[PDB]
Each structure stands twice: as C-alpha cells, then as structure tokens.
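Asker: Got a file for you: work.pdb, PDB, C-alpha atoms and all ligand atoms.
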```pdb
ATOM      1  CA  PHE D   1     -41.273  25.964 -23.367  1.00  0.00           C
ATOM      2  CA  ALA D   2     -42.120  28.107 -26.399  1.00  0.00           C
ATOM      3  CA  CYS D   3     -41.423  31.574 -27.777  1.00  0.00           C
ATOM      4  CA  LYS D   4     -43.162  34.289 -29.736  1.00  0.00           C
ATOM      5  CA  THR D   5     -42.387  37.617 -31.334  1.00  0.00           C
ATOM      6  CA  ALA D   6     -44.038  41.007 -30.808  1.00  0.00           C
ATOM      7  CA  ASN D   7     -45.109  40.832 -34.544  1.00  0.00           C
ATOM      8  CA  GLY D   8     -47.062  37.712 -33.623  1.00  0.00           C
ATOM      9  CA  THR D   9     -45.053  34.846 -34.993  1.00  0.00           C
ATOM     10  CA  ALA D  10     -44.456  31.850 -32.703  1.00  0.00           C
ATOM     11  CA  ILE D  11     -42.032  28.971 -32.446  1.00  0.00           C
ATOM     12  CA  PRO D  12     -43.816  26.124 -30.648  1.00  0.00           C
ATOM     13  CA  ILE D  13     -42.753  23.508 -28.079  1.00  0.00           C
ATOM     14  CA  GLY D  14     -39.886  21.489 -29.562  1.00  0.00           C
ATOM     15  CA  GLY D  15     -38.319  24.484 -31.332  1.00  0.00           C
ATOM     16  CA  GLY D  16     -38.178  25.596 -34.957  1.00  0.00           C
ATOM     17  CA  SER D  17     -37.409  28.838 -36.762  1.00  0.00           C
ATOM     18  CA  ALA D  18     -38.863  32.278 -37.250  1.00  0.00           C
ATOM     19  CA  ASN D  19     -38.033  35.501 -39.080  1.00  0.00           C
ATOM     20  CA  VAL D  20     -37.818  38.771 -37.122  1.00  0.00           C
ATOM     21  CA  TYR D  21     -37.585  42.241 -38.731  1.00  0.00           C
ATOM     22  CA  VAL D  22     -35.791  44.998 -36.833  1.00  0.00           C
ATOM     23  CA  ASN D  23     -35.693  48.783 -37.148  1.00  0.00           C
ATOM     24  CA  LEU D  24     -32.131  50.121 -37.523  1.00  0.00           C
ATOM     25  CA  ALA D  25     -30.768  53.638 -37.063  1.00  0.00           C
ATOM     26  CA  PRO D  26     -30.689  54.787 -40.737  1.00  0.00           C
ATOM     27  CA  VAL D  27     -27.300  56.577 -40.452  1.00  0.00           C
ATOM     28  CA  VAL D  28     -24.276  55.257 -38.473  1.00  0.00           C
ATOM     29  CA  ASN D  29     -20.690  56.578 -38.405  1.00  0.00           C
ATOM     30  CA  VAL D  30     -17.419  54.810 -37.705  1.00  0.00           C
ATOM     31  CA  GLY D  31     -17.065  54.791 -33.898  1.00  0.00           C
ATOM     32  CA  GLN D  32     -20.864  54.649 -33.303  1.00  0.00           C
ATOM     33  CA  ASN D  33     -22.890  51.513 -32.539  1.00  0.00           C
ATOM     34  CA  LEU D  34     -26.155  50.312 -34.055  1.00  0.00           C
ATOM     35  CA  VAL D  35     -28.014  48.768 -31.156  1.00  0.00           C
ATOM     36  CA  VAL D  36     -30.364  45.920 -32.071  1.00  0.00           C
ATOM     37  CA  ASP D  37     -32.197  44.985 -28.880  1.00  0.00           C
ATOM     38  CA  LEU D  38     -34.187  41.763 -29.451  1.00  0.00           C
ATOM     39  CA  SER D  39     -35.522  41.754 -25.830  1.00  0.00           C
ATOM     40  CA  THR D  40     -38.439  43.920 -26.988  1.00  0.00           C
ATOM     41  CA  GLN D  41     -39.260  41.464 -29.798  1.00  0.00           C
ATOM     42  CA  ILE D  42     -38.605  37.862 -28.601  1.00  0.00           C
ATOM     43  CA  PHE D  43     -40.395  36.457 -25.534  1.00  0.00           C
ATOM     44  CA  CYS D  44     -40.388  32.940 -24.101  1.00  0.00           C
ATOM     45  CA  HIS D  45     -42.061  31.033 -21.244  1.00  0.00           C
ATOM     46  CA  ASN D  46     -41.825  27.802 -19.259  1.00  0.00           C
ATOM     47  CA  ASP D  47     -44.991  25.689 -19.652  1.00  0.00           C
ATOM     48  CA  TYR D  48     -44.624  23.621 -16.400  1.00  0.00           C
ATOM     49  CA  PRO D  49     -42.675  25.874 -13.966  1.00  0.00           C
ATOM     50  CA  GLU D  50     -44.012  24.030 -10.896  1.00  0.00           C
ATOM     51  CA  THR D  51     -42.130  20.838 -11.852  1.00  0.00           C
ATOM     52  CA  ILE D  52     -39.573  21.810 -14.574  1.00  0.00           C
ATOM     53  CA  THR D  53     -36.781  24.354 -14.823  1.00  0.00           C
ATOM     54  CA  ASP D  54     -35.966  25.509 -18.377  1.00  0.00           C
ATOM     55  CA  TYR D  55     -32.396  26.545 -19.307  1.00  0.00           C
ATOM     56  CA  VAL D  56     -31.860  28.883 -22.233  1.00  0.00           C
ATOM     57  CA  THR D  57     -28.588  29.884 -23.910  1.00  0.00           C
ATOM     58  CA  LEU D  58     -27.513  31.911 -26.875  1.00  0.00           C
ATOM     59  CA  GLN D  59     -25.908  28.930 -28.551  1.00  0.00           C
ATOM     60  CA  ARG D  60     -24.524  30.943 -31.483  1.00  0.00           C
ATOM     61  CA  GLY D  61     -24.898  34.322 -33.128  1.00  0.00           C
ATOM     62  CA  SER D  62     -23.829  34.677 -36.801  1.00  0.00           C
ATOM     63  CA  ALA D  63     -23.602  37.729 -39.058  1.00  0.00           C
ATOM     64  CA  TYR D  64     -24.857  37.866 -42.660  1.00  0.00           C
ATOM     65  CA  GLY D  65     -24.906  40.227 -45.580  1.00  0.00           C
ATOM     66  CA  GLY D  66     -24.022  43.839 -44.882  1.00  0.00           C
ATOM     67  CA  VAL D  67     -23.426  43.187 -41.187  1.00  0.00           C
ATOM     68  CA  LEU D  68     -20.921  40.421 -41.974  1.00  0.00           C
ATOM     69  CA  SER D  69     -19.134  42.567 -44.566  1.00  0.00           C
ATOM     70  CA  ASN D  70     -19.349  46.092 -43.081  1.00  0.00           C
ATOM     71  CA  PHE D  71     -19.582  45.805 -39.264  1.00  0.00           C
ATOM     72  CA  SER D  72     -17.839  44.375 -36.246  1.00  0.00           C
ATOM     73  CA  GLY D  73     -20.001  43.515 -33.277  1.00  0.00           C
ATOM     74  CA  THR D  74     -20.618  42.461 -29.729  1.00  0.00           C
ATOM     75  CA  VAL D  75     -23.651  40.730 -28.275  1.00  0.00           C
ATOM     76  CA  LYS D  76     -24.980  41.320 -24.791  1.00  0.00           C
ATOM     77  CA  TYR D  77     -26.778  38.286 -23.315  1.00  0.00           C
ATOM     78  CA  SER D  78     -28.341  38.623 -19.821  1.00  0.00           C
ATOM     79  CA  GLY D  79     -25.917  41.287 -18.647  1.00  0.00           C
ATOM     80  CA  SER D  80     -22.660  39.850 -20.104  1.00  0.00           C
ATOM     81  CA  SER D  81     -20.946  40.934 -23.326  1.00  0.00           C
ATOM     82  CA  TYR D  82     -19.321  38.659 -25.931  1.00  0.00           C
ATOM     83  CA  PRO D  83     -17.912  38.941 -29.490  1.00  0.00           C
ATOM     84  CA  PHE D  84     -20.386  38.872 -32.330  1.00  0.00           C
ATOM     85  CA  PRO D  85     -20.205  36.648 -34.350  1.00  0.00           C
ATOM     86  CA  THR D  86     -19.972  34.478 -31.258  1.00  0.00           C
ATOM     87  CA  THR D  87     -17.087  32.222 -30.224  1.00  0.00           C
ATOM     88  CA  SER D  88     -18.942  29.842 -27.822  1.00  0.00           C
ATOM     89  CA  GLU D  89     -22.352  29.108 -26.295  1.00  0.00           C
ATOM     90  CA  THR D  90     -23.217  31.479 -23.428  1.00  0.00           C
ATOM     91  CA  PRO D  91     -24.082  30.505 -19.852  1.00  0.00           C
ATOM     92  CA  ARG D  92     -27.769  29.683 -19.311  1.00  0.00           C
ATOM     93  CA  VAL D  93     -30.717  31.862 -18.322  1.00  0.00           C
ATOM     94  CA  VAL D  94     -33.358  30.133 -16.180  1.00  0.00           C
ATOM     95  CA  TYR D  95     -36.983  30.351 -17.324  1.00  0.00           C
ATOM     96  CA  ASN D  96     -39.270  29.515 -14.405  1.00  0.00           C
ATOM     97  CA  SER D  97     -42.644  31.163 -15.137  1.00  0.00           C
ATOM     98  CA  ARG D  98     -45.578  30.807 -17.550  1.00  0.00           C
ATOM     99  CA  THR D  99     -45.477  34.609 -17.822  1.00  0.00           C
ATOM    100  CA  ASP D 100     -43.591  35.670 -20.959  1.00  0.00           C
ATOM    101  CA  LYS D 101     -40.088  36.904 -20.234  1.00  0.00           C
ATOM    102  CA  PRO D 102     -37.920  38.622 -22.886  1.00  0.00           C
ATOM    103  CA  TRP D 103     -34.990  36.765 -24.400  1.00  0.00           C
ATOM    104  CA  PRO D 104     -32.247  39.161 -23.200  1.00  0.00           C
ATOM    105  CA  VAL D 105     -30.155  39.488 -26.384  1.00  0.00           C
ATOM    106  CA  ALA D 106     -28.889  42.745 -27.919  1.00  0.00           C
ATOM    107  CA  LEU D 107     -26.395  43.308 -30.739  1.00  0.00           C
ATOM    108  CA  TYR D 108     -24.000  46.297 -30.768  1.00  0.00           C
ATOM    109  CA  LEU D 109     -22.672  46.753 -34.321  1.00  0.00           C
ATOM    110  CA  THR D 110     -20.016  49.258 -35.315  1.00  0.00           C
ATOM    111  CA  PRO D 111     -18.958  50.037 -38.958  1.00  0.00           C
ATOM    112  CA  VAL D 112     -15.511  48.990 -40.132  1.00  0.00           C
ATOM    113  CA  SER D 113     -13.420  51.764 -41.786  1.00  0.00           C
ATOM    114  CA  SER D 114     -14.145  50.384 -45.308  1.00  0.00           C
ATOM    115  CA  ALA D 115     -17.931  50.721 -44.832  1.00  0.00           C
ATOM    116  CA  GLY D 116     -19.556  53.542 -46.823  1.00  0.00           C
ATOM    117  CA  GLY D 117     -22.848  54.143 -48.560  1.00  0.00           C
ATOM    118  CA  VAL D 118     -25.627  51.607 -48.053  1.00  0.00           C
ATOM    119  CA  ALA D 119     -23.964  49.266 -45.552  1.00  0.00           C
ATOM    120  CA  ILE D 120     -27.121  47.232 -44.796  1.00  0.00           C
ATOM    121  CA  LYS D 121     -29.887  46.839 -47.383  1.00  0.00           C
ATOM    122  CA  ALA D 122     -33.555  47.085 -46.469  1.00  0.00           C
ATOM    123  CA  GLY D 123     -35.171  43.632 -46.222  1.00  0.00           C
ATOM    124  CA  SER D 124     -31.824  41.772 -46.043  1.00  0.00           C
ATOM    125  CA  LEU D 125     -30.785  39.027 -43.639  1.00  0.00           C
ATOM    126  CA  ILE D 126     -28.346  40.510 -41.115  1.00  0.00           C
ATOM    127  CA  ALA D 127     -27.971  37.842 -38.418  1.00  0.00           C
ATOM    128  CA  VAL D 128     -29.040  34.471 -37.119  1.00  0.00           C
ATOM    129  CA  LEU D 129     -29.364  33.972 -33.359  1.00  0.00           C
ATOM    130  CA  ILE D 130     -29.815  30.407 -32.102  1.00  0.00           C
ATOM    131  CA  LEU D 131     -31.583  29.955 -28.774  1.00  0.00           C
ATOM    132  CA  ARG D 132     -30.878  26.531 -27.206  1.00  0.00           C
ATOM    133  CA  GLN D 133     -33.398  25.232 -24.656  1.00  0.00           C
ATOM    134  CA  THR D 134     -32.891  22.347 -22.235  1.00  0.00           C
ATOM    135  CA  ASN D 135     -34.375  21.502 -18.827  1.00  0.00           C
ATOM    136  CA  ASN D 136     -33.776  19.690 -15.536  1.00  0.00           C
ATOM    137  CA  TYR D 137     -36.415  17.037 -16.344  1.00  0.00           C
ATOM    138  CA  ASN D 138     -35.729  14.963 -19.483  1.00  0.00           C
ATOM    139  CA  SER D 139     -33.504  14.698 -22.618  1.00  0.00           C
ATOM    140  CA  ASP D 140     -35.152  17.680 -24.404  1.00  0.00           C
ATOM    141  CA  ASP D 141     -32.602  19.758 -26.312  1.00  0.00           C
ATOM    142  CA  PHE D 142     -34.210  22.138 -28.754  1.00  0.00           C
ATOM    143  CA  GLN D 143     -33.146  24.974 -31.045  1.00  0.00           C
ATOM    144  CA  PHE D 144     -35.185  28.127 -31.622  1.00  0.00           C
ATOM    145  CA  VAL D 145     -33.553  29.702 -34.685  1.00  0.00           C
ATOM    146  CA  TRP D 146     -34.195  33.435 -35.139  1.00  0.00           C
ATOM    147  CA  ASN D 147     -33.418  34.907 -38.577  1.00  0.00           C
ATOM    148  CA  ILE D 148     -32.931  38.648 -38.185  1.00  0.00           C
ATOM    149  CA  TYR D 149     -33.817  40.934 -41.129  1.00  0.00           C
ATOM    150  CA  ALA D 150     -33.286  44.689 -41.551  1.00  0.00           C
ATOM    151  CA  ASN D 151     -36.447  46.786 -42.000  1.00  0.00           C
ATOM    152  CA  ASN D 152     -34.561  49.641 -43.628  1.00  0.00           C
ATOM    153  CA  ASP D 153     -31.331  50.721 -45.312  1.00  0.00           C
ATOM    154  CA  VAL D 154     -28.444  51.770 -43.053  1.00  0.00           C
ATOM    155  CA  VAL D 155     -26.017  54.319 -44.531  1.00  0.00           C
ATOM    156  CA  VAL D 156     -22.473  54.933 -43.325  1.00  0.00           C
ATOM    157  CA  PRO D 157     -21.629  58.510 -44.508  1.00  0.00           C
ATOM    158  CA  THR D 158     -18.399  58.687 -46.523  1.00  0.00           C
TER     159      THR D 158
HETATM  160  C1  LIG D 201     -46.148  12.674  -7.665  1.00  0.00           C
HETATM  161  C2  LIG D 201     -45.776  12.426  -9.050  1.00  0.00           C
HETATM  162  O1  LIG D 201     -44.713  11.957  -9.245  1.00  0.00           O
HETATM  163  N1  LIG D 201     -46.616  12.904 -10.009  1.00  0.00           N
HETATM  164  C3  LIG D 201     -46.138  12.694 -11.475  1.00  0.00           C
HETATM  165  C4  LIG D 201     -46.887  13.660 -12.398  1.00  0.00           C
HETATM  166  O2  LIG D 201     -46.357  14.956 -11.988  1.00  0.00           O
HETATM  167  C5  LIG D 201     -46.505  13.413 -13.851  1.00  0.00           C
HETATM  168  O3  LIG D 201     -47.135  14.423 -14.645  1.00  0.00           O
HETATM  169  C6  LIG D 201     -46.404  14.953 -15.770  1.00  0.00           C
HETATM  170  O4  LIG D 201     -45.926  16.233 -15.389  1.00  0.00           O
HETATM  171  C7  LIG D 201     -44.999  16.777 -16.369  1.00  0.00           C
HETATM  172  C8  LIG D 201     -44.642  18.140 -15.841  1.00  0.00           C
HETATM  173  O5  LIG D 201     -43.416  18.022 -15.160  1.00  0.00           O
HETATM  174  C9  LIG D 201     -45.551  16.868 -17.794  1.00  0.00           C
HETATM  175  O6  LIG D 201     -44.463  17.050 -18.719  1.00  0.00           O
HETATM  176  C10 LIG D 201     -44.868  17.963 -19.723  1.00  0.00           C
HETATM  177  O7  LIG D 201     -45.631  17.330 -20.796  1.00  0.00           O
HETATM  178  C11 LIG D 201     -46.033  18.201 -21.866  1.00  0.00           C
HETATM  179  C12 LIG D 201     -46.871  17.411 -22.827  1.00  0.00           C
HETATM  180  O8  LIG D 201     -48.021  16.906 -22.120  1.00  0.00           O
HETATM  181  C13 LIG D 201     -49.084  16.474 -22.954  1.00  0.00           C
HETATM  182  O9  LIG D 201     -48.637  15.365 -23.715  1.00  0.00           O
HETATM  183  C14 LIG D 201     -48.345  14.163 -22.952  1.00  0.00           C
HETATM  184  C15 LIG D 201     -48.005  13.074 -23.938  1.00  0.00           C
HETATM  185  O10 LIG D 201     -46.924  13.465 -24.754  1.00  0.00           O
HETATM  186  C16 LIG D 201     -49.522  13.753 -22.112  1.00  0.00           C
HETATM  187  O11 LIG D 201     -49.008  12.775 -21.259  1.00  0.00           O
HETATM  188  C17 LIG D 201     -50.016  14.857 -21.217  1.00  0.00           C
HETATM  189  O12 LIG D 201     -51.271  14.446 -20.677  1.00  0.00           O
HETATM  190  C18 LIG D 201     -50.205  16.163 -21.993  1.00  0.00           C
HETATM  191  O13 LIG D 201     -51.421  16.230 -22.719  1.00  0.00           O
HETATM  192  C19 LIG D 201     -44.753  18.758 -22.522  1.00  0.00           C
HETATM  193  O14 LIG D 201     -45.112  19.657 -23.551  1.00  0.00           O
HETATM  194  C20 LIG D 201     -43.901  19.451 -21.449  1.00  0.00           C
HETATM  195  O15 LIG D 201     -42.614  19.778 -21.970  1.00  0.00           O
HETATM  196  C21 LIG D 201     -42.517  21.088 -22.567  1.00  0.00           C
HETATM  197  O16 LIG D 201     -42.468  22.165 -21.568  1.00  0.00           O
HETATM  198  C22 LIG D 201     -41.365  22.046 -20.641  1.00  0.00           C
HETATM  199  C23 LIG D 201     -41.487  23.168 -19.638  1.00  0.00           C
HETATM  200  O17 LIG D 201     -41.377  24.408 -20.318  1.00  0.00           O
HETATM  201  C24 LIG D 201     -40.035  22.068 -21.433  1.00  0.00           C
HETATM  202  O18 LIG D 201     -38.968  21.847 -20.494  1.00  0.00           O
HETATM  203  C25 LIG D 201     -40.033  20.953 -22.501  1.00  0.00           C
HETATM  204  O19 LIG D 201     -38.823  21.080 -23.256  1.00  0.00           O
HETATM  205  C26 LIG D 201     -41.261  21.097 -23.414  1.00  0.00           C
HETATM  206  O20 LIG D 201     -41.197  22.344 -24.139  1.00  0.00           O
HETATM  207  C27 LIG D 201     -43.594  18.558 -20.247  1.00  0.00           C
HETATM  208  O21 LIG D 201     -42.713  17.520 -20.675  1.00  0.00           O
HETATM  209  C28 LIG D 201     -46.411  15.671 -18.214  1.00  0.00           C
HETATM  210  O22 LIG D 201     -47.336  16.080 -19.219  1.00  0.00           O
HETATM  211  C29 LIG D 201     -47.230  15.078 -17.062  1.00  0.00           C
HETATM  212  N2  LIG D 201     -47.963  13.920 -17.546  1.00  0.00           N
HETATM  213  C30 LIG D 201     -49.257  13.705 -17.250  1.00  0.00           C
HETATM  214  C31 LIG D 201     -49.851  12.426 -17.763  1.00  0.00           C
HETATM  215  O23 LIG D 201     -49.923  14.508 -16.595  1.00  0.00           O
HETATM  216  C32 LIG D 201     -46.966  11.999 -14.201  1.00  0.00           C
HETATM  217  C33 LIG D 201     -46.651  11.639 -15.605  1.00  0.00           C
HETATM  218  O24 LIG D 201     -45.902  10.581 -15.890  1.00  0.00           O
HETATM  219  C34 LIG D 201     -44.666  11.063 -16.475  1.00  0.00           C
HETATM  220  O25 LIG D 201     -44.662  11.227 -17.911  1.00  0.00           O
HETATM  221  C35 LIG D 201     -44.672  10.011 -18.705  1.00  0.00           C
HETATM  222  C36 LIG D 201     -44.555  10.441 -20.150  1.00  0.00           C
HETATM  223  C37 LIG D 201     -43.566   9.047 -18.273  1.00  0.00           C
HETATM  224  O26 LIG D 201     -42.273   9.531 -18.672  1.00  0.00           O
HETATM  225  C38 LIG D 201     -43.625   8.836 -16.763  1.00  0.00           C
HETATM  226  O27 LIG D 201     -42.614   7.921 -16.328  1.00  0.00           O
HETATM  227  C39 LIG D 201     -43.505  10.179 -16.061  1.00  0.00           C
HETATM  228  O28 LIG D 201     -43.415  10.094 -14.641  1.00  0.00           O
HETATM  229  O29 LIG D 201     -46.378  10.975 -13.300  1.00  0.00           O
HETATM  230  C40 LIG D 201     -46.608  11.217 -11.920  1.00  0.00           C
HETATM  231  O30 LIG D 201     -46.112  10.372 -11.158  1.00  0.00           O
HETATM  232 NI    NI D 202     -47.219  27.774 -23.361  1.00  0.00          NI
END
```
Show how you would write the structure in this file as structure tokens.
Answerer:
Amino acid sequence: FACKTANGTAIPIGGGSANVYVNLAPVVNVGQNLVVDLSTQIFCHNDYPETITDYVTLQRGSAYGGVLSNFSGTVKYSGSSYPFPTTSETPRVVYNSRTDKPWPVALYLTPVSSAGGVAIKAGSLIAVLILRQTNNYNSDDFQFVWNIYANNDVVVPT
C-alpha cells in the first residue's frame, strides 16, 4: 500500500509524510464555503489485492494558521460528513486494487464573523490530514501524513 500526489510526490510502503499545495477560491464571504477537495490530488493503491485487503481511515484532520483562526469546517470522507478539526477516526475505506483510487477527503471551510482581510496567507500551512492504513493480513499500522498548504491568499471582504 502506497500513495502519491498529482504533483508527483509519493509516500512509500510503510507510510511517511508529504506536502500538498491546494488552490483556494481567492475571495470567500461569511456563509460561503471554501471547498478543498483532496480526491483530485491524493491517490493510493493496494500492492497485493489478490491476498490482502487494505483498510484506510482519516485518523485525524487538524487546522493550522489562518484556517484554525478564521474558519470553521467540516470534512467529507467517503460520503459521510464530520466536524473539522476532527473529533474521532472515521470508519474505514477498503482499498482492493493496484489501480490508483483517490483518497476521498474534502474540506468545507466557512469564515467566522471575525474573519476579514487576508484570512489565509499564500504558501501557509492550513491543515494536516492523517491517513491510517491497516490490513487483514499482518500487524501493519502505518500513517500517511499529508501537510496541506495554500497556493494563494484568501480574502474575506469586510
Ligand atoms: C498457498 C500459500 O499459502 N502461499 C503463501 C504465499 O502466498 C506467501 O507469499 C507472500 O504473499 C504476500 C502477499 O499476501 C506478500 O506480502 C507482501 O510482501 C511485500 C514485501 O515483499 C518483498 O519483501 C519480502 C521480504 O520483506 C520478500 O519476502 C518478498 O519476496 C518481496 O520481495 C510487502 O510490501 C507487502 O505489504 C505491503 O502491501 C500490502 C498490500 O497493499 C499492505 O497491506 C502492507 O501494509 C504493505 O504496504 C506484503 O506484506 C509476501 O511478499 C509473499 N512472500 C513471498 C516470499 O512471496 C508465502 C510467503 O511466506 C509468508 O511471508 C513470510 C514473511 C512469513 O511471514 C511466512 O510465514 C508467510 O506465510 O507463503 C506461502 O505459503
Ligand atoms: Ni505499488
């Protein structure tokens, strides 16, 4: 089991960490959501699907920087919605093919009433999403830690 990004970085068998940059709507009002869909950027596969089933959760999602200070959020994982930052590890998604499948995570971030001006700075860390991978075969229990960075400034008009 391993993962890669559309930019080309990879996290190998056994887990590890990678940085992912995302494009953000440059203007967002109170009552509107920024949607950060990672399913177009993070892809994973099972290396031995004939004999092993891989189980994949969103173990935790954490906010940083301007998202932590200026937004409230939800995360959608595989069709179910949860608070973001998260309050518990999600149910598992089965990975059962060598063919890359997206990691089905999307953040929905909405400005708090005190947000105004540059609410997320270009280049800054906005979130960490931890993918936990286990299987039905051995003791393997690995973390794939995705550090999410804003490409661009996001402004909340005053
Ligand atoms: C009828 C019968 O029972 N046949 C059994 C064979 O099927 C069995 O072969 C196993 O098959 C498994 C697949 O289920 C393989 O596990 C994978 O191994 C990957 C690493 O393999 C290389 O490195 C090994 C040494 O470390 C070396 O032995 C191999 O030759 C390879 O070069 C590993 O990366 C992979 O795990 C990753 O991917 C999965 C799926 O996505 C994730 O869930 C994991 O988290 C991880 O990311 C997986 O573990 C074995 O490679 C393969 N071995 C061989 C030699 O072909 C054999 C093997 O014996 C078994 O393995 C040893 C170590 C020991 O525990 C034995 O008791 C086991 O039975 O046995 C036959 O009987
Ligand atoms: Ni592979």
Asker: List as a PyMOL selection string the protein and nucleic acid residues lying within 12 Å of ligand LIG 201 (chain D), with all atoms listed in the file counted.
Answerer: chain D and resi 1-3+11-16+44-56+94-100+132-144
Asker: List, as a list in words, every residue that the PyMOL selection byres (((chain D and resi 6-9) around 9) and not hetatm) selects in the file provided.
Answerer: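 This file, filtered by the PyMOL selection byres (((chain D and resi 6-9) around 9) and not hetatm), leaves residues 3, 4, 5, 10, 11, 18, 19, 20, 21, 40, 41, 42 and 43 of chain D.
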Asker: Between CA of residue 118 in chain D and CA of residue 104 in chain D, what is the spacing in Å?
Answerer: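 Going from CA of residue 104 in chain D over to CA of residue 118 in chain D covers 28.6 Å.
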Asker: Run through the PyMOL selection byres (((chain D and resi 24) around 7) and not hetatm) on the given coordinates and return the selected residues as a PyMOL selection string.
Answerer: chain D and resi 22-23+25-26+34+150+152+154
Asker: I need the residue nearest residue 78 in chain D from this list: D:147, D:32, D:59, D:90. Use all atoms listed in the file for the distance.
Answerer: D:90
Asker: When you draw a straight line from CA of residue 60 in chain D to atom NI of ligand NI 202 (chain D), how long is it in Å?
Answerer: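 Interatomic distance here is 24.3 Å.
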Asker: Please write the residues picked by the PyMOL selection byres (((chain D and resi 113) around 9) and not hetatm) on this file as a list in words.
Answerer: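 For this structure, the PyMOL selection byres (((chain D and resi 113) around 9) and not hetatm) captures residues 30, 70, 71, 111, 112, 114, 115 and 116 of chain D.
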Asker: What is the CA of residue 80 in chain D to CA of residue 119 in chain D distance in Å?
Answerer: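 Rounded to one decimal, the two atoms are 27.2 Å apart.
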Asker: Applying 7 Å and only C-alpha atoms, which residues near range 120-125 of chain D remain after dropping the ones on its own chain fewer than 3 positions away? List them as a ChimeraX atom specification.
Answerer: /D:64-67,148-154
Asker: Could you please take those selected residues and save C-alpha atoms as a short mmCIF file (atom, residue, chain, number, x, y, z; two decimals), keeping the file's coordinate frame?
Answerer:
```cif
data_model
loop_
_atom_site.label_atom_id
_atom_site.label_comp_id
_atom_site.auth_asym_id
_atom_site.auth_seq_id
_atom_site.Cartn_x
_atom_site.Cartn_y
_atom_site.Cartn_z
CA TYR D 64 -24.86 37.87 -42.66
CA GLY D 65 -24.91 40.23 -45.58
CA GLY D 66 -24.02 43.84 -44.88
CA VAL D 67 -23.43 43.19 -41.19
CA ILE D 148 -32.93 38.65 -38.18
CA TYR D 149 -33.82 40.93 -41.13
CA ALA D 150 -33.29 44.69 -41.55
CA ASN D 151 -36.45 46.79 -42.00
CA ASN D 152 -34.56 49.64 -43.63
CA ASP D 153 -31.33 50.72 -45.31
CA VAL D 154 -28.44 51.77 -43.05
#
```
Asker: Nearest to ligand NI 202 (chain D) among D:101, D:156, D:117, D:109, with distances taken over all atoms listed in the file: which residue is it?
Answerer: D:101
